[PDB]
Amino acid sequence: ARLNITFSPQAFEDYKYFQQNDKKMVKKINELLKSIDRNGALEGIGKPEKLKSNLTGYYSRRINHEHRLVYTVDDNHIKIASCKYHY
């Protein structure tokens, strides 16, 4: 499916980094996006978690061992805060 996805500026820069350097990472992120759209914020692949503390309102799924997709969904529209760990 074609999904309309909103990114934070920093998440978009990181997504572009993966497009340019790690296509397998892009494929995984896109599979997570597919699952969020098909099954909702909390259901499907990547061990979805409702975040707490001052991350409340957002969710995490595991892209790989270190990177998390941090996102929320409003009226079926996916918003990405992060797709790459900022060390």
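Residue numbers run from 1 along the displayed sequence.
- Ranked against the other modelled residues of its chain, the C-alpha B-factor of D74 as given in the entry falls in the highest third.
- Annotation for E31: C-alpha temperature factor in the lowest third relative to the rest of the modelled chain, per the entry.
- Per the deposited record, the Cα B-factor of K16 falls in the middle third when ranked against the other modelled residues of its chain.
- Per the PDB record, residue ranking by Cα B-factor puts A1 in the highest third of the chain.
- Split the chain's modelled residues into thirds by C-alpha temperature factor. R61 is in the lowest one.
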